[PDB]
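Heads up: the structure comes next, in structure tokens.
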Amino acid sequence: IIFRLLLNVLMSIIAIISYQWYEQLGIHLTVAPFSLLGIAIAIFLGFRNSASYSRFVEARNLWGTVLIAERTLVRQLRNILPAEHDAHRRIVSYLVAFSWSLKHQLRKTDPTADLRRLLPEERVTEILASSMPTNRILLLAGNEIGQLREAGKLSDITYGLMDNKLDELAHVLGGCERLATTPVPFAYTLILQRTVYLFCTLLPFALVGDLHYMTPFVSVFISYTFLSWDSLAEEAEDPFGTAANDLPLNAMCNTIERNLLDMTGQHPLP
Amino acid sequence: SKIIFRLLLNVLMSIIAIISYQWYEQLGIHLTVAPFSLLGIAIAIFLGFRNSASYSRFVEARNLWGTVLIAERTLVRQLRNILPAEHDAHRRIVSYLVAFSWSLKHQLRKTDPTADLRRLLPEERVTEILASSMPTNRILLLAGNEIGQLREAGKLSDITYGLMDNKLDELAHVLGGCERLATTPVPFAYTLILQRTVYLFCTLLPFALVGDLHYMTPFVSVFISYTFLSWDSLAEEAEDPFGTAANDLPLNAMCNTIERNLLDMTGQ
Amino acid sequence: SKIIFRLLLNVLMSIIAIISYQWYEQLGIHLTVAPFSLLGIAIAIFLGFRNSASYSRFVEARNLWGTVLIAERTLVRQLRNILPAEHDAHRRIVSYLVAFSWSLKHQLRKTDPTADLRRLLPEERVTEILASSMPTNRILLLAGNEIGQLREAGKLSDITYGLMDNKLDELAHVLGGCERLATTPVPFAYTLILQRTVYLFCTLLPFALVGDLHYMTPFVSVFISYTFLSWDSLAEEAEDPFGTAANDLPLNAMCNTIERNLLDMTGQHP
Amino acid sequence: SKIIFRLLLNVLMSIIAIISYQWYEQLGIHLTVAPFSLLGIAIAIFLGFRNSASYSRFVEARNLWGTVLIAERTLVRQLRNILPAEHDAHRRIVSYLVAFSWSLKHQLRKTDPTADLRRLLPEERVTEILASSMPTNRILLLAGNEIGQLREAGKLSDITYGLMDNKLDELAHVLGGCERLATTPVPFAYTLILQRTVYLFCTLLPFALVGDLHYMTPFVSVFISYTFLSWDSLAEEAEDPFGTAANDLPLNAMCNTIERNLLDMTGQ
Amino acid sequence: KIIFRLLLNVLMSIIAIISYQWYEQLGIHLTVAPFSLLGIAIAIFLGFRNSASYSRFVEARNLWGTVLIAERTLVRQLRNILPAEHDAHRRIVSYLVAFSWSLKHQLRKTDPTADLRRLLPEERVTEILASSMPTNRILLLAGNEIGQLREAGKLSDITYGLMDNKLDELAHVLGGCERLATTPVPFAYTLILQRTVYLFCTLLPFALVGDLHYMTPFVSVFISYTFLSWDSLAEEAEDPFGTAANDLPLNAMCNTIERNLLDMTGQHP
Ligand SMILES: [Cl-]
Ligand SMILES: [Cl-]
Ligand SMILES: [Cl-]
Ligand SMILES: [Cl-]
Ligand SMILES: [Cl-]
Ligand SMILES: [Cl-]
Ligand SMILES: [Zn+2]
Ligand SMILES: [Zn+2]
Ligand SMILES: [Zn+2]
Ligand SMILES: [Zn+2]
Ligand SMILES: [Zn+2]
Ligand SMILES: [Zn+2]
Ligand SMILES: [Zn+2]
Ligand SMILES: [Zn+2]
Ligand SMILES: [Zn+2]
Ligand SMILES: [Zn+2]
Ligand SMILES: [Zn+2]
Ligand SMILES: [Zn+2]
Ligand SMILES: [Zn+2]
Ligand SMILES: [Zn+2]
Ligand SMILES: [Zn+2]
Ligand SMILES: [Zn+2]
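Line by line, the protein sequences give chains E, A, B, D and C.
Residue numbers for the first sequence, in the entry's author numbering: 24 to 293.
Residue numbers for the second sequence, in the entry's author numbering: 22 to 289.
Residue numbers for the third sequence, in the entry's author numbering: 22 to 291.
Residue numbers for the fourth sequence, in the entry's author numbering: 22 to 289.
Residue numbers for the fifth sequence, in the entry's author numbering: 23 to 291.
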């Protein structure tokens, strides 16, 4: 980031001394039209940055749903079938594996470490077999439910109550998948990314005729404004991906595991 | 790149502007940058709001197609958990659900669904479906039959029937949504007026920029016009989300992803 | 397009501006561009927000009308799947559902339903409907008794009676949605302040632009007029979306579509 | 219209500016338009956003009332379809539903409900309802009694008791909605700060404009002041949409339509 | 708070008035035109960023709305479905009310053991406190009262679910506030805009001084107030659960919820 700040000082220091030689040549740059170009570029940046934040908000929200759906899915099992702790333990395995599996999915990293830690090596094979493991896990979770229904422990009515929670989970898998694959640029945020770049360097060549030796000091401030806002938006265009923060996605998979363990009394120590 | 016509009609409107600056004061015409800043800022505000509407629309498209994937996934899944016996009923419903996705992509693209419909369904059904003045919506009706019969046959209760019915509702809203998108363009008025005044402005600009820049006019009267046109194209770039080229939604891609996800779920 | 009345009343105002510029420094009226530059930008900002708030009402109007097709489509579908036999009820229900679309088009346009209502229904009904304070609400109450009877008859169970009820809810939300949009104008004075102010700014702008551009004034003032004036009517056409203008919602097309859809092959299904 | 009380202050501020312009160098006060351009623009951006946030509150108000009408009609229609016999329950319920609408109107407007409540309810109820510090919550609670009775009568199944329960939910959210809107004002800073800045900016402006415009200052300076002052009172009017102003919500109108609607549905 | 900032700006104006004498004899110009540009840009960005903070504050205030609505109707469902079972009434209302109070605490990073022991037996208070999310646990315990009523045939699976859903709704509120709290907006939306509005505000006098001479301090302090007000109006609404006076009144909100849930269950506050 700081690289484009200092190509500017160079461009200013150039524009100061090279301001001499088009004295005789008749090619001038006022500030009046660059101020127009700038006020424009800043409107578009403000609108664009706005869409990026909205993209980030949807990711935060989607993940919060994982926590809620999983918490209330486990709560329904305890409230409805308070005895079936072998089932409780199994379903809580699948939910926790889904969180971890999804975080690994959006990050394009390996899930095998977290999966074997959580599920039997038949299942870990069936899940790593599938092209859609996160979906696969939800399918397996759904079996432990539908089985308690064959077994008669769940009625169609109380089966339905829990199924709606696997729905909430399924909309999240799709929800994040769509956020991740979709480039909100369509590589067209590479247009704005560069138009800001051009304007930001042509700026001293228009500012120098007003500010003399001040040109670098003011031409970098305007640049650090315009470049921050752009890169701060390009960041939130990809909120799971490589250009993102992992502390929340990891603290989130950790909280849900902690919450699900505490909810089935595997914590505290006996 | 119908854009790169007025990008270089500009350089030619910058040179008509340079060599005919001389005559200006004698004709009594002056072009100052001050009102073109006013105009351009008012255009740029309007362009900004208008792009926003267009992006919201593209998003809404990407979203609806996203829901086909969710609703059909969970619908297969519900069928597995609730009737794990009935793989006859599984492969039937899965083929309608796959057919729906493909029949919708065609309809939105105005292409012929008969190929895929026959790959996926018995000729009886392909006939039934294509008879309809609304075949995608019909495919849904046929999928709901397999569900309904299963209920008639006692295998689904009213409750579990309801659980799967709501998945056909989600799909039924995806159809209405795409139909509405493919037929309600952002009023031709919004797109015609803006596209007009952005053009008129971008070509009167070098006449007003010349007093301040002398020969520097093209290298800047273009850089300004690219910014105001790139932004008006990018809005027309996303007003056809169901097209078959460039930035338009990869409906063919998505349709496969659906078919693969859905066979993966049923061991095929 | 009474816009072109004033697009030219402005040319006659640019003209008054030019044949009074050479009594200027005599009458002592210094008049510059930079405060009208402020006035323009302030108006554009408020025109930008106002026009966006209009498109939203239009968008919402369009969406509600979409919901009619969806709710009515799957309402038919549920009858064809749950009571596939009862085609005498199928037709009774479809008849009402299409009365709804036409009736609501009339309600929102303030035209006489009686034509359409008779084309579609028995006359004992056409009277009872036209008898009612809210007719569209009454059509909806008749569609309910159709469902309600089938439930009493025992053909529909409580569950599957409920499944269809929700769809009449979906439609009662579309009713109130369009009343709210129609009977609620954009709060008053929003139009008077924002429409008074843009005319006035359009006809004073040449008086202060003439000093800078000289003759170019009618060209540049009419340009700025077409920009600020088309945008103010564009926002006004959208305020009323159930209107009869060409930019309004095509409600007769939409009701036809609904009708062709619910009678795909004369209400006949696979 | 204390805007016109404010607008004339500006025109006397303008004559003041004109007469006291000459002694400017004699005092050393240079005032250009350019920094007021920056400032005034910034005010417009903030006003734009601020005003926008208000129209939201107003719209949300409107929609909550919109749902009262929807929720109460379908609650009535569900009774006329599930229990077309039991008219004793229809009267008791429609009376309770229409009481709710009126109890809420009076609640939001801070007015005595006892007129409309007595007019629609028995006296053992009206005393116990006004007894409550939450009378509209109480009406809803009594409205659920009738439903729950019918279910314990066996005239409603749990399933059809369910279907109607969900409209009481719908109405219970409308309560909370309006209650939240009325108590929660937009942070008492958005309307306070911006009214200061607009007011003060309007006053100083002719002192920056007069150097340029001279005797013209009153005209240009009172125009610019009108634009800003008007766009600022719009957002003030919407701050409380449940008031009595001509530009607030017609709640008396709204509540009669609800009472005619539910009465025409019951043949009364 | 920002009243020192205004003052420091005056000093910077006064510094700039005295220091204008050495200007071109030190090699500098400063036009107003470039700062109108940068200044407008900052206003646009502040305009959007402010808009995002109002949204968080609206949603915080909104989620707390749903706490009341959900609990009021979970109570109404009990009364109307099981009017007899008034022991279930009191016990459920005690967890629902304790849920509110613990959520207030959770958000505020303060200790609920007081409010908890007021409301619930100690077997519960210890059980609740052992949890890494006591509000979750409280929901679990209010879930059993509903659940055991279903095992005793007093609630069918249908009417159980009716009330279960309100429990689900509350769980959404909980996850929602937890999400509004643990996620601040990208912290860059502060260091960027706070630096930039500050830096712009203390150099504006240096550039206005040519145009306005002595007039520089007033105009410069007006423009600085307008930018600095609109800046911090977004900082307040960034922790809407905090204890600042503009933050949400969670204690009043929490009482209205108790008052509401008692007024429904015969007992009088
Ligand atoms: Cl366990
Ligand atoms: Cl357990
Ligand atoms: Cl199969
Ligand atoms: Cl009656
Ligand atoms: Cl609720
Ligand atoms: Cl009746
Ligand atoms: Zn949920
Ligand atoms: Zn357990
Ligand atoms: Zn733990
Ligand atoms: Zn779903
Ligand atoms: Zn199978
Ligand atoms: Zn295309
Ligand atoms: Zn639907
Ligand atoms: Zn039929
Ligand atoms: Zn409803
Ligand atoms: Zn001239
Ligand atoms: Zn002339
Ligand atoms: Zn009746
Ligand atoms: Zn009687
Ligand atoms: Zn009284
Ligand atoms: Zn609720
Ligand atoms: Zn009780």
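Positions of the beta carbon are idealized from the N, C-alpha and C atoms, including for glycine.
Residues of chain B whose Cβ lies closer than 9 Å to the Cβ of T248 (chain D) are, in chain order, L60, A63, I64, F67, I214, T218, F222.
Going by DSSP, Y45 (chain E) is part of no alpha helix (DSSP H) at all; its letter is neither H nor E.
With a cutoff of 9 Å on beta-carbon distance, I62 (chain C) and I62 (chain D) are scored as near each other. Relative to the Cα of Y117 (chain A), the nearest Cα in the group A:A38, A:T157, A:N84 belongs to A:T157. Closest in C-alpha terms to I214 (chain E), from the list A:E145, A:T205, A:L196, A:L255, comes A:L255. Ligand 12 has no heavy atom closer than 8 Å to the beta-carbon of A65 (chain E). Contact check between the segment 224–231 of chain A and the segment 27–35 of chain D: fewer than three CB pairs, one atom from each, fall below 8 Å, which does not count as touching. Nearest CB-CB separation between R159 (chain D) and chain C: below the 9 Å threshold. Here the alpha carbons of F228 (chain A) and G49 (chain A) stand approximately 14 Å from one another. Counted as a single uninterrupted DSSP element, the alpha helix (DSSP H) harbouring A193 (chain E) occupies residues 179–204. Neighbourhood of ligand 17, defined by CB distance below 7 Å to any of its heavy atoms: A:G49, B:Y42, B:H235, B:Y236, in chain order. Annotated three-state conformation of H235 (chain C) is strand, per DSSP. In this structure, DSSP gives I279 (chain E) a helical state, which the three-state scheme calls helix. The residue among D:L142, D:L60, D:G232 with its C-alpha nearest the C-alpha of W44 (chain D) is D:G232.
Not a single C-beta of chain E is nearer than 9 Å to the C-beta of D186 (chain A). Here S246 (chain E) is buried, its C-beta having at least 16 other C-beta atoms within 10 Å. When Cβ-Cβ separations below 9 Å define contact, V207 (chain C) makes contact with chain E. Comparing C-alpha distances from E46 (chain B) to each of D:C276, D:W252, D:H235 shows the shortest one belongs to D:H235. For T148 (chain B), the enclosing alpha helix (DSSP H) has its first and last residue at 144–152. At least one CB of chain C lies nearer than 9 Å to the CB of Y236 (chain E).
Within a 10 Å sphere around the beta-carbon of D186 (chain C) sit 16 or more other beta-carbons, which makes this residue buried.
By the rule that beta-carbons nearer than 9 Å mark a contact, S178 (chain B) touches chain A. At a cut-off of 9 Å between beta-carbon atoms, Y76 (chain E) makes no contact with chain A.
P56 (chain C): member of the alpha helix (DSSP H) spanning 54–103, first to last residue. In the three-state scheme derived from DSSP, where H, G and I count as helix and E and B as strand, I36 (chain E) is classed as helix.
Take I168 (chain C), set aside five residues on each side of it, and the residues of its chain with a beta-carbon closer than 8 Å to its own are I114, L177, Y182, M185, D186, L189, in chain order. Collapsing the DSSP output to three states places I214 (chain B) in a helix. In the displayed model, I50 (chain C) falls within a strand according to three-state DSSP.
In terms of Cα proximity to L284 (chain D), the closest of B:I39, B:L151, B:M155 is B:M155. Within chain C, the residues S153, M155, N158, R159, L162 have their CB atoms less than 9 Å from the CB of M286 (chain E), given in chain order.
Taking CB atoms only, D233 (chain E) has a neighbour in chain C less than 9 Å away.
Residue burial is scored here from C-beta neighbours: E93 (chain E) has at least 16 other C-beta atoms within 10 angstroms and is therefore classed as buried. The C-beta distance from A82 (chain D) to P262 (chain D) rounds to 4 Å, short enough to fall under 8 Å. Nearest CB-CB separation between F70 (chain C) and chain E: below the 9 Å threshold. The alpha-carbon of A203 (chain D) is positioned some 21 Å away from that of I150 (chain D). Interface criterion not met: the Cβ of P105 (chain B) is under 9 Å from no Cβ in chain D.
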